[PDB]
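Chemist: Please see the structure below; I have some questions.
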Amino acid sequence: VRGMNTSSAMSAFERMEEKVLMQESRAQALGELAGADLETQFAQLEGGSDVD
Amino acid sequence: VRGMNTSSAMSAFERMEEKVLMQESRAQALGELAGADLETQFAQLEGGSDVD
Amino acid sequence: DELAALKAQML
Amino acid sequence: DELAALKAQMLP
Amino acid sequence: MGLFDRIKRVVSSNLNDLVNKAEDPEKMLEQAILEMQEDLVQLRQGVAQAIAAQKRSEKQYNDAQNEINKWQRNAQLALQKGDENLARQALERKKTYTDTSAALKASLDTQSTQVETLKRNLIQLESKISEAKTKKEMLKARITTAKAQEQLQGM
Amino acid sequence: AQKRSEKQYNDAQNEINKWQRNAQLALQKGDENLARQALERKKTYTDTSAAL
Amino acid sequence: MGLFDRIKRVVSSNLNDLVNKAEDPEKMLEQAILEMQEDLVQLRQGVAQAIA
Amino acid sequence: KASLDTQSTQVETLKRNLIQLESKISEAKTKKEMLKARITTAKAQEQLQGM
C-alpha cells in the first residue's frame, strides 16, 4: 500500500514506468506512420467508407 | 511502412531498383534490336497482316 | 448494507 | 495563399 | 584529420564492393520471406495465448458470477436460519464481486481491444506477405524473361 | 535509367492526381490538416517534376 | 554502417545456401513421408489407446 | 502545464524540422539518379570521342 521500496512493490513501479513509455513510444511510432499522406488519405476515405 | 533500413525493407528496396533498371536495360536492348531495318519493316508489315 | 439486510430477513 | 485557395475549393 | 579521410576512402571502397556482391534479388527475397513468416508465427502464438487468456478470464468471471448465485442461495438459507450476520456477509460479498466484475469487464474490454488491434495488425501483416509473395512470383517471372531476352539480343 | 526516371516521373504525376482527389475529399470531410498536407505535397512534386 | 550492410549480404547468402542444399523434391518428400507415417502410427496407437 | 507547453513547442519545431529534413534527403536521392544518368552518358561520350 505504501508503495515502498518493497521488492515486489519496486519491480511493479519499474515495470509500470517502462510500459507506459513504450506504449507512448509505440503510439509515437504509429503517429509517424500516420503522418504520411497515404495514411492520412485513408482516414478521410474511411469516414466515407464507414457510412457506405 | 516507414520503409526504413529494416533488413527485409532494405532488401526489397535494393531489389526493386535493380529489376526496374534491368527491365529498362532489357527494353533498351530490345530497342536496339528494334532499330534494325528488318525489325522496323516487320512492324509496318504486321499492321497490314493483322487486318488480314 | 443494513437496509439491504432487512429485505433479506423477510425470506 | 494556397490554404485560402483550398478553403474556396472546400465550400462547394 | 588525415586518419579520418583515410577511413572514409577505405569505407567507401568497401561499401561499393559490398553492395554489388550481395545484390541478389532471389536470395534476399527468400530470406525475407522466411523471416516474416517466422515473425508472424511468434505473433500468432502470442495472439493465441491472449485469446486463451481472455477465455481463462471469462471462466474466472463466470466463477465469480457462479459464486454470487451460490451466495444468493445462502442468503435465502440465512433467512431460515434467522442469523443476521450470515445475511450481512452475503450482501457485502455480493457488492465487492460486482465491483470486481466491473473491473474485470473493463480489463476484458481492454484485452478485447488489444486482441482486435493485434488481429487487425495480423491481417495487415498477412496481406503484406501475400503481396510480397505475389511480387516475388512477378519478380521471378521477370528474371526468366530477362534470360530469354538476352539470348534473343545476342543472336 | 531514362525509363526509370520517366516511371518515377509518371508515379509523381499519378501521385499528384491521387493527392488532389484526397484534398477534395478532405474538404468534404472538413479536416483542415488533411487539406493542408495535400497543398504542401503538390508544390514539392511539381518542383521535383520540373527538375526531373 | 558497414557491419550492418555486410550482415544482410551474409544472411541472404547463408539462407539461400541452406535452402538450396535441402531443395530436393524426392528428399523433401521422403523426409516428410517418414514424419507423417511415424505420426500416423503414433496417432493410430493413441486412438487405439483412447478407445481402450 | 508550463513544462508541457514549452515541450510541445520544441516537439512541433522538431517535427517541422524533421519534415524539412525528410524533404531534403528525398531531393538528394532524386539527384543521384540524375547524376548517375549524366555520368553514364559522359562515360559513353568519351569513348565515342576517342574513336
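Chemist: Helix B:7-35 versus the longest principal axis of chain B: what is the Cα-based angle in degrees, 0 to 90, to the nearest 10?
Modeler: Tilt of helix B:7-35: around 10 degrees.
Chemist: Can I ask one more? Work from the charge dipole of chain E (Cβ charges, +1 for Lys and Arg, -1 for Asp and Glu, about the Cα centre) and give the residue of E:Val11, E:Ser101, E:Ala52 farthest towards its positive end.
Modeler: Checked the options; the winner is E:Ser101.
Chemist: Taking A:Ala29 in one copy and the same position in all the others, each labelled 7 Å out along Cα→Cβ, what are the pairwise distances from the first, in nm, shortest first?
Modeler: 4.2
Chemist: Run through the other copies and list how far each one's label point is from that of A:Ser8, in nm with one decimal, shortest first; the point sits 7 Å from Cα along Cα-Cβ.
Modeler: The answer, with the shortest distance listed first, is 4.0 nm.
Chemist: Treating cross-link reach as a plain straight distance, find the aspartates and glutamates whose alpha-carbon is under 16 Å from the alpha-carbon of H:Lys29, omitting any fewer than eight places away in the same chain.
Modeler: B:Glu14, B:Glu17, B:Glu18, F:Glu6, F:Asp11, F:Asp47
Chemist: Tell me whether chain E comes out rounded, prolate or oblate; compute the Cα gyration tensor, take square roots of the eigenvalues as a ≥ b ≥ c, and use a/c under 1.5 as the rounded threshold.
Modeler: Prolate is the answer for chain E, as a/c is 1.5 or above and a/b outweighs b/c.
Chemist: Picking from E:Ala87, E:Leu43, E:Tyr61, whose Cα lies most toward the positive end of the charge dipole for the range E:14-114 (charges on Cβ: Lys, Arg +1; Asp, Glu -1)?
Modeler: E:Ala87
Chemist: Also: Expected output is a single nm value to one decimal: the length gained when fully extending between E:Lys133 and E:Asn69, i.e. 0.36 nm times separation in residues minus the C-alpha distance. What is it?
Modeler: This chain segment gains 17.6 nm when fully extended.
Chemist: What angle do you read, to the nearest 10 degrees and between 0 and 90, between the alpha-carbon axis of helix E:2-22 and the longest principal axis of chain E?
Modeler: So the inclination is approximately 80 degrees.
Chemist: What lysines does G:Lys8 reach when the alpha-carbon gap must be under 16 Å and sequence neighbours fewer than 8 apart in one chain are set aside?
Modeler: E:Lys21, E:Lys27
Chemist: Can I ask one more? Give me log10 I(q)/I(0) at q = 0.10 Å⁻¹ for the protein assembly as shown, Debye formula, one equal scatterer per alpha-carbon, no solvent.
Modeler: Normalising to I(0) and taking log10 leaves -1.16.
Chemist: Quote the convex hull volume per residue of chain B, based on C-alpha atoms, as a whole number of Å³.
Modeler: Values: hull volume 5.4 nm³, N = 52.
For chain B, the hull spanned by Cα atoms encloses 104 Å³ per residue.
Chemist: Okay, next question. Under a point-charge model restricted to the Cβ atoms of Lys and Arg (+1) and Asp and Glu (-1), what is the dipole moment magnitude of chain B relative to its Cα centre, in debye to the nearest 20?
Modeler: The dipole magnitude comes to about 560 debye.
Chemist: Further question on the same structure: Go through the range E:43-108 and name the chymotrypsin sites (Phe, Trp or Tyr not before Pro) that are in a DSSP coil and have 16 or fewer other Cβ atoms within 10 Å of their Cβ.
Modeler: none
Chemist: Report the one residue of A:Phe42, A:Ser7, A:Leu30 whose Cα lies farthest in the direction of the positive end of the charge dipole of chain A (charges on C-beta: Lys and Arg +1, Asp and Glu -1; origin at the Cα centre).
Modeler: Comparing the listed Cα positions along the dipole, A:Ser7 ranks first.
Chemist: Taking E:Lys81 as the anchor, which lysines have their alpha carbon closer than 24 Å to its alpha carbon, excluding any fewer than eight residues away along the same chain?
Modeler: Correct list for E:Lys81: C:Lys7, E:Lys70, E:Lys94, E:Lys95.
Chemist: To the nearest 20 Debye, how big is the dipole of the protein assembly as shown about its Cα centre, given +1 on the beta carbon of each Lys and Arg and -1 on that of each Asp and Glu?
Modeler: 1300
Chemist: May I ask for the angle, rounded to the nearest 10°, between helix A:37-51 and the longest principal axis of chain A, with both axes built from Cα atoms and the value confined to 0 to 90°?
Modeler: 80
Chemist: Compute the separation of the alpha-carbon centres of the range B:1-18 and chain H and state it in Å as a whole number.
Modeler: If you average the Cα positions of each part, the centres end up 18 Å apart.
Chemist: Same structure again: Dipole of the range E:28-92, Cα-centred, from +1 at each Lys and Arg C-beta and -1 at each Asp and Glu C-beta, to the nearest 20 debye?
Modeler: Dipole about the Cα centre, nearest 20: 520 debye.
Chemist: Test of understanding: ordering A:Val1, H:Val11 by Cβ neighbours within 10 Å, fewest first, what list do you get?
Modeler: Going from sparsest to densest Cβ surroundings: A:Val1, H:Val11.
Chemist: Let me ask something else. As a check on your grasp of the helix formula, calculate [θ] at 222 nm for chain B: sum -39500 (n - 2.57) over DSSP H runs of n ≥ 4, divide by the residue count, round to the nearest 500.
Modeler: Dividing the helical sum by the residues of chain B leaves -29500 deg cm²/dmol.
Chemist: Spin-label point model (7 Å from Cα, Cβ direction): what's the H:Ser8 to B:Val20 distance in nm?
Modeler: Between H:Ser8 and B:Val20, the label points sit 4.0 nm apart.
Quick note: the coordinates plus some simple rules give every number you see, no bench work behind them. Methodologically, a virtual Cβ is constructed for each residue, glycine included, from the backbone with ideal geometry; neighbour enumeration extends over all protein chains shown.
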